[PDB]
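Protein chains: 4
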Amino acid sequence: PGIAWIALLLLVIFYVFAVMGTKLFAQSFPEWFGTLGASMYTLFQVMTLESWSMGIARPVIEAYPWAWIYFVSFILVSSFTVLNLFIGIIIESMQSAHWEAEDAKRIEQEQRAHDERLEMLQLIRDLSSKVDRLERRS
Amino acid sequence: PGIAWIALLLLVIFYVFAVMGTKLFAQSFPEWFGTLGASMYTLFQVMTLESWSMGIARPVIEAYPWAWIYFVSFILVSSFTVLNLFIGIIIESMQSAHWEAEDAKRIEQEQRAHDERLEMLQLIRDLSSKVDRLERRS
Amino acid sequence: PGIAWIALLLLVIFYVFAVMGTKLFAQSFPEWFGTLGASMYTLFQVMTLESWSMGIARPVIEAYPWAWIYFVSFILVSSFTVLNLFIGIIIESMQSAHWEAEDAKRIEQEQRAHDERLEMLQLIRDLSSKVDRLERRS
Amino acid sequence: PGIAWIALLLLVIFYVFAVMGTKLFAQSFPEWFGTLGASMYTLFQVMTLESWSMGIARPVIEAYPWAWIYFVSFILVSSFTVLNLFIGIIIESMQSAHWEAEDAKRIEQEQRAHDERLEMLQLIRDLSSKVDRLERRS
Ligand SMILES: [Ca+2]
Ligand SMILES: [Ca+2]
Ligand SMILES: [Ca+2]
Ligand SMILES: [Ca+2]
Ligand SMILES: [Ca+2]
Ligand SMILES: [Ca+2]
Ligand SMILES: [Ca+2]
């Protein structure tokens, strides 16, 4: 398993949508969608929210007015799995730098005293056997 | 309740302002605010700050010179209830993955020794009952 | 007293800079820096990094070629005292929604047994006198 | 060394890349890469994703087709070694306003009852040497 597991999913979405868009727009916007290789570029350009609608979406949507859905969704999904991936890094850093190291520094402190108690206990019971061996001796 | 509760709120702010925009600018920016759906689009774009100002705000502000307040507010609000949503996940995931788990492991490893303590205590007053039972017997 | 103290500071930076730019560029970029309240806009737009350079800076810098330091520094400072403020919310949220109620659950779980151990102690000294009065009573 | 150590790294990449693009695009794109401190600029602008591609890269890629790798990877690398640094601020901020304080108040609270325990044991042992000097007396 892993984080670099969404970066697979994401790089899947990235490919999924790239070809999806070559299929539609390569037709009429052959500089943006003319090949797969430009889609990849344009889709990275588009993920980076740089003249995404004004530049690309609008004039495409100019053509295929439903294209909006294609652009909007892509952005939603794309950026959103980066949020899930940006988070994956916050977590697997924020419960790694401190929380995996204390995670065991108090897993160790705590069992370093069920060790003191359970000996102290054993000590008081060799007291009870020494005392209760002197109501059986008085 | 929930954090998919601000996703309701946001998706109202978004519809509020969409109808606000359409009612206003539909008139003279009918490309952007021509329909409710048109503004729903524009405002996604404005939210993604992609030629948001140079593209939409400023030209809407030339015509309607107070629209800045509209646009700057919508941005401030919308984006702000995403910061309020983006953290709604770093929290609900950073204290759900590390700190829901330990929350019970140290809730446990503490109440596991009110066990050892309160029983070992008992052992001592059973010893105190056996010894004080032998100054009243010596 | 709080996080809104940078909000103040950042609302300072915003004001200082909006005047400095009015005094400089009002002159030749009046639409952007003509009034105070339009440098306020323009620097809201600069802060949002929307056509920031290619739309404002490049042009201002065509004219005044040291204005770069102005823009860059503003951006740096601005988005930095925001990174500073953005975090002053993850922090003031992640040790407030979890690390505040535990912070008192196990400052209280702790002091619930300096109050057991320290009763258990006496009860053991009360066994040390009643026994130490039996090497002298034997 | 730490957060400010990737600021060295980032400030490395930034430099690396600037001279590269000056040794490359200084020729044909001299507004952006004519000099060093124009690549330094353009690169800042390119980093902040302001017209990075439609403005710079796409036209640079109009000259040199492979130039794409140059801008993509700068963004990938650059923006990435800030995710790395941004996060190095939530971390070295998160477990530092709440967790460099508790990790010592709980290094302490634990150490104050190795001290309670330890003295209690001794108290039990001296209780034992007293009892065990009373099998041998009775
Ligand atoms: Ca533009
Ligand atoms: Ca149009
Ligand atoms: Ca904790
Ligand atoms: Ca005007
Ligand atoms: Ca020029
Ligand atoms: Ca050209
Ligand atoms: Ca404890």
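Protein chains in written order, with this note's numbering: chain A, 1280 to 1417; chain B, 1280 to 1417; chain C, 1280 to 1417; chain D, 1280 to 1417.
The beta-carbon is built from N, C-alpha and C at its ideal position, and this holds for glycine as well.
In the DSSP assignment, the alpha helix (DSSP H) including residue 1390 of chain B goes from what residue to what residue? Within the second sequence, numbered from 1, the residue matching residue 1390 of chain B stands at position 111. First-last of the alpha helix (DSSP H) with residue 1390 of chain B: 1381-1390.
By a C-beta neighbour count over all protein chains shown, 10 Å radius and 16 as the cutoff for buried, is residue 1335 of chain A buried or exposed? Residue mapping note: residue 1335 of chain A aligns to position 56 of the first sequence, counting from 1. The residue is buried, with at least 16 neighbouring Cβ atoms inside 10 Å.
Does any residue of chain A have a CB that is nearer than 7 Å to the CB of residue 1417 of chain D? The residue labelled residue 1417 of chain D in the question sits at position 138 within the fourth sequence. Answer yes: the Cβ-Cβ gap between residue 1417 of chain D and chain A drops below 7 Å somewhere.
Does the beta carbon of residue 1341 of chain B fall short of 6 Å from some heavy atom of ligand 4? By one-based count along the second sequence, residue 1341 of chain B stands at place 62. Judged by the Cβ position, residue 1341 of chain B qualifies as a neighbour of ligand 4 at the 6 Å threshold, a heavy atom of the ligand being closer than this.
With hydrogens ignored, establish whether the beta-carbon of residue 1330 of chain B is closer than 6 Å to any heavy atom of ligand 1. By 1-based counting over the second sequence, the position of residue 1330 of chain B is 51. Indeed, a heavy atom of ligand 1 lies less than 6 Å from the Cβ.
Please classify residue 1359 of chain D: is it buried, with 16 or more other beta-carbons within 10 angstroms of its beta-carbon, or exposed? The residue you call residue 1359 of chain D lines up with position 80 of the fourth sequence. Exposed, by the Cβ-count rule.
Three-state secondary structure (DSSP) at residue 1415 of chain D? Residue 1415 of chain D sits at position 136 when you count from the first residue of the fourth sequence. Note: residue 1415 of chain D maps to coil in three-state DSSP.
Let me see if you follow: with CB-CB separation under 7 Å, is residue 1297 of chain A close to chain D or not? Your numbering for residue 1297 of chain A matches position 18 in the first sequence. Residue 1297 of chain A has a beta carbon lying at 7 Å or more from every beta carbon in chain D.
For the candidate residues D/1351, D/1317, D/1306 and D/1386, whose alpha-carbon lies nearest to that of residue 1328 of chain D? As a working note, residue 1328 of chain D is residue 49 in the fourth sequence. With distances taken between Cα atoms, residue 1328 of chain D lies closest to D/1351.
Please determine, among A/1316, A/1363, A/1417 and A/1411, the residue with the shortest C-alpha to C-alpha distance to residue 1347 of chain D. Numbered from 1 along the fourth sequence, position 68 holds the residue referred to as residue 1347 of chain D. For residue 1347 of chain D, the nearest C-alpha among the options comes from A/1316.
For residue 1301 of chain C, which residues in the same chain have their Cβ closer than 6 Å to its Cβ, ignoring the five residues on either side in sequence? Here residue 1301 of chain C refers to the residue found at position 22 of the third sequence. The beta carbon of residue 1301 of chain C sits closer than 6 Å to the beta carbons of 1312, 1315 and 1318 from its chain, once the five residues preceding and following it are set aside; these are given in chain order.
Stretch-stretch touch, CB-based, cutoff 8 Å, three pairs: the stretch 1355-1371 of chain A with the stretch 1335-1344 of chain A: The stretch 1335-1344 of chain A and the stretch 1355-1371 of chain A do not touch, with fewer than three beta-carbon pairs separated by less than 8 Å.
If you draw a straight line from the alpha carbon of residue 1296 of chain D to that of residue 1333 of chain D, how long is it in whole angstroms? Looking up residue 1296 of chain D in the fourth sequence gives position 17. Looking up residue 1333 of chain D in the fourth sequence gives position 54. Approximately 20 Å, taken between the alpha carbons.
Of all the CB atoms in chain B, is at least one closer than 7 Å to the CB of residue 1389 of chain A? Within the first sequence, residue 1389 of chain A is the residue found at index 110, counting from 1. Closer than 7 Å: yes.
State the Cα-Cα distance for the pair residue 1354 of chain D and residue 1368 of chain B, rounded to the nearest angstrom. In the fourth sequence, the residue the question calls residue 1354 of chain D occupies position 75. In the second sequence, the residue the question calls residue 1368 of chain B occupies position 89. Rounded to the nearest angstrom, the two C-alpha atoms are 26 Å apart.
When you compare each of C/1402, C/1338 and C/1405 to residue 1307 of chain C by their alpha carbons, which one comes out closest? Within the third sequence, the letter at position 28 stands for residue 1307 of chain C. Nearest of C/1402, C/1338 and C/1405 to residue 1307 of chain C, Cα basis: C/1338.
Step through the CB atoms of chain A and report whether any lies within less than 7 Å of the CB of residue 1291 of chain D. For the purposes of this step, residue 1291 of chain D is taken as residue 12 along the fourth sequence, with counting starting at 1. Chain A, which has no Cβ nearer than 7 Å to the Cβ of residue 1291 of chain D, makes this no.
Check the Cβ-Cβ distances between residue 1319 of chain A and every residue of chain D, and say whether any is below 7 Å. Your numbering for residue 1319 of chain A matches position 40 in the first sequence. Not closer than 7 Å to any Cβ of chain D, the Cβ of residue 1319 of chain A fails to qualify, so no.
Mapping DSSP to helix, strand and coil, what is residue 1334 of chain D? To locate residue 1334 of chain D, count along the fourth sequence from 1; it is residue 55. Under the three-state reduction of DSSP, residue 1334 of chain D is assigned to helix.
Within 7 Å, strictly: CB atoms of residue 1413 of chain C and residue 1407 of chain B: For this step, residue 1413 of chain C is matched to residue 134 along the third sequence. For this step, residue 1407 of chain B is matched to residue 128 along the second sequence. No, the pair does not count as a contact, with Cβ atoms beyond the cut-off.
Contacts that residue 1398 of chain C makes with chain D (C-beta to C-beta distance below 8 Å): The residue labelled residue 1398 of chain C in the question sits at position 119 within the third sequence. What residue 1398 of chain C touches in chain D: nothing, since even the nearest Cβ is about 11 Å away.
Below 9 Å on C-beta distance, what does residue 1331 of chain C contact in chain D? One-based indexing of the third sequence puts residue 1331 of chain C at position 52. 1324, 1327, 1329 and 1330, listed in chain order.
Backbone CA spacing between residue 1402 of chain C and residue 1401 of chain A [nearest angstrom]: In the third sequence, counting from the first residue as 1, residue 1402 of chain C sits at position 123. In the first sequence, counting from the first residue as 1, residue 1401 of chain A sits at position 122. So the two alpha carbons sit approximately 18 Å from each other.
Span separating the alpha-carbon of residue 1331 of chain B from that of residue 1320 of chain B: For the purposes of this step, residue 1331 of chain B is identified with residue 52 of the second sequence, where counting begins at 1. For the purposes of this step, residue 1320 of chain B is identified with residue 41 of the second sequence, where counting begins at 1. Near 12 Å, if we compare the C-alpha coordinates of residue 1320 of chain B and residue 1331 of chain B.
In this structure, does DSSP put residue 1328 of chain A in helix, strand or coil? If you number the first sequence from 1, residue 1328 of chain A lands on position 49. Coil, per DSSP.
Rounded to whole angstroms, what's the CA-CA distance from residue 1376 of chain A to residue 1286 of chain A? Just pull it up for me. Position 97 of the first sequence holds residue 1376 of chain A. Position 7 of the first sequence holds residue 1286 of chain A. Computed Cα separation, rounded: 22 Å.
Comparing alpha-carbon positions, which option in B/1391, B/1404, B/1326 and B/1288 lies nearest residue 1349 of chain B? Residue numbering aside, residue 1349 of chain B sits at position 70 when the second sequence is read from its first letter. Among B/1391, B/1404, B/1326 and B/1288, the Cα nearest to that of residue 1349 of chain B is on B/1326.
Reduced DSSP category for residue 1400 of chain C - H, G, I as helix; E, B as strand; rest coil: Taking the third sequence and counting its residues from 1, the one referred to as residue 1400 of chain C is at position 121. Residue state, collapsed to three classes: coil.
Pick out every residue whose C-beta is nearer than 6 Å to a heavy atom of ligand 2: which are they, in chain order? Cβ atoms closer than 6 Å to ligand 2 belong to A/1337 and B/1310.
Below 8 Å on the Cβ atoms is my contact criterion, and I expect residue 1282 of chain D with residue 1364 of chain D to pass it. Report the Cβ-Cβ distance as a whole number of Å. Here residue 1282 of chain D corresponds to residue number 3 of the fourth sequence, with the count starting at 1. Here residue 1364 of chain D corresponds to residue number 85 of the fourth sequence, with the count starting at 1. Right, the Cβ-Cβ distance comes to about 6 Å (below 8 Å), so this counts as a contact.
So what does DSSP say about residue 1393 of chain A, is it helix, strand or coil? As a working note, residue 1393 of chain A is residue 114 in the first sequence. If DSSP states are grouped into helix, strand and coil, residue 1393 of chain A belongs with the helices.
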